[PDB]
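**Student:**
In this note's numbering, the protein residues as written are 3 to 109.
1) Determine the contact status of residue 40 and residue 22, defining contact as a CB-CB distance below 9 Å.
2) From the DSSP output, in three-state form, read off residue 55 for me.
3) Let me make sure I understand the geometry here. Which of 9, 107, 20 has the alpha-carbon closest to that of residue 58?
4) For the segment 70-84 against the segment 100-107, are there 3 or more C-beta pairs whose distance is under 8 Å?
5) Please go through the same chain and pick out, in chain order, the residues whose beta-carbon is closer than 7 Å to the beta-carbon of residue 24, but skip the five residues on each side of it.
6) With a CB to CB cut of under 6 Å and the five nearest residues on each side skipped, what residues in its chain are close to residue 38?
7) Assuming residue 26 and residue 48 are in contact, meaning their beta carbons sit under 8 Å apart, how far apart are those beta carbons, in whole angstroms?
8) CA-CA distance, residue 3 and residue 85?
9) Considering just the uninterrupted stretch of the beta strand (DSSP E) at residue 87, what are its terminal residues?
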């Protein structure tokens with residue numbers, strides 16, 4: 003219950019720290035475009051399975067194709083992520099791309 007929004011520019015500074023980036027959408031979209039530095043877990047996988055990814059670290063971030071799935075699970079995470087320290091990727095990956103950073107497609 004302390005999730006704060008961040009800019010693709012901040013999430014990066016963390017990628018260097020160890021932050022745990024997680025994606026909750028359709029791999030089909032993650033395949034054509036993926037960022038070799040984040041975990042892939044289809045929302046439906048967490049909403050139905052419920053994997054306390056928070057236990058695999060202290061800080062966790064979630065990003066959706068276009069901040070569509072995150073806004074839906076955003077409430078489901080804050081709960082499973084306890085009062086820990088979670089951030090929010092404004093827009094999602096669409097930003098990291100425009101931010102002036104290249105993407106990686108699954109060959």
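Idealized CB from N, CA, C, for every residue including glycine.
**Tutor:** For this structure:
1) It is a contact, given that the beta carbons lie within the stated cut-off.
2) helix
3) 20
4) no
5) 40, 41, 43, 55, 62, 63, 64
6) 106
7) A Cβ-Cβ separation of about 6 Å places residue 26 in contact with residue 48 under the 8 Å criterion.
8) 5 Å
9) 87-91
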